[PDB]
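Single chain ahead, written as structure tokens, the form deposited in one PDB entry.
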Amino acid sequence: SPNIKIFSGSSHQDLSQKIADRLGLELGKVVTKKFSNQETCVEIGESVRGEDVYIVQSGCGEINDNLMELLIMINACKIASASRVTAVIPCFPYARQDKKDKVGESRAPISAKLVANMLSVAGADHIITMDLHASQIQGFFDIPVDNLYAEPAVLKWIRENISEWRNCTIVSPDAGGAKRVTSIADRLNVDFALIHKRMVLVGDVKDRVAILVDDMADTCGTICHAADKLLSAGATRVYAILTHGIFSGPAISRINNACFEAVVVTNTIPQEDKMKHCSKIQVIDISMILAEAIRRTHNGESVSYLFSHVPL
């Protein structure tokens, strides 16, 4: 039916607008502030009674304030008798678990499940997200989660922006990133190689373009060395492509000092501020991927809508 409303957090508003543009809608009116004493203030500026509500709130920026803002907004819509509340969380907070593997066993994803449980008790009915650090986070909920992939937009950018892409190779910065890399190399019909930590390279990278692909970049320590090792192995030029560009701490300083031809991230986190101080950052717009998932969750057009059919 005709009852969709999009709201934005303070997390990232440019994207919230881009999605609404792609769907032909204006953003719902909402007051999101902080009181003097640090308490999150939310005021929904319009009736959501009977509406299909989508709240866009990345999990970047001051993460706990943004998370609290998201939970209050979701819960407020649910008690104002909204028909459905979907959290559109492009970058899911707390996905990563640096450990100290209790070598006899493994640690559990406390914080990712906590975040999931809070979304559930707040009253979220459905989650739309992008490239969960681990896809199993999908099973931390009982509500449907759509874990969308940036690979098609990356794959695109690669063919259109790297000339010798036909002859290149994709490298993984770490051990765990193999699947992703192998997926992209298989889709492109190119070679793959992987780096592991002193740091070692497995695979042929000599005299061909190397593309480091990973899910996110926070501190950037790892991709930077990886770029050094790829240069030492005789790669012509090195690129870095990450879906989530967190870039905290010394990250910006590291990339400018590193040998990257370009660092490509999607728009799931705001980059406008970071591009001002870093020339090698380029962004892939993923507003259509998200807009298309909201359009399909809404189910207003055809039941047999297939997500996979819409062009990019």
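Shifts are known only where both forms have a C-alpha. So that the term is clear: the rigid core is the largest set of C-alpha atoms that superpose within 1.5 Å between two forms. Numbering starts at 1 and runs along the sequence shown.
The same protein has a further form, the form deposited in another entry, not shown here; the description that follows concerns it.
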*asked:* At a threshold of 2 angstroms on the CA positions, core aligned, which residue out of 107, 156, 187, 96 shifts between the shown form and the other one?
replied: 107
_Relative Cα spacing, residue 107 and residue 139, in that other deposited form - shift of 3 Å or more_ = farther
*Specify closer or farther for residue 133 and residue 108: how their Cα atoms are spaced in that other deposited form versus the shown form, given a shift of 3 angstroms or more.*
farther
*Segments displaced between the shown form and the other one (3 or more residues, each Cα shift of 2 Å or more, core-superposed)*: 97-102, 106-109
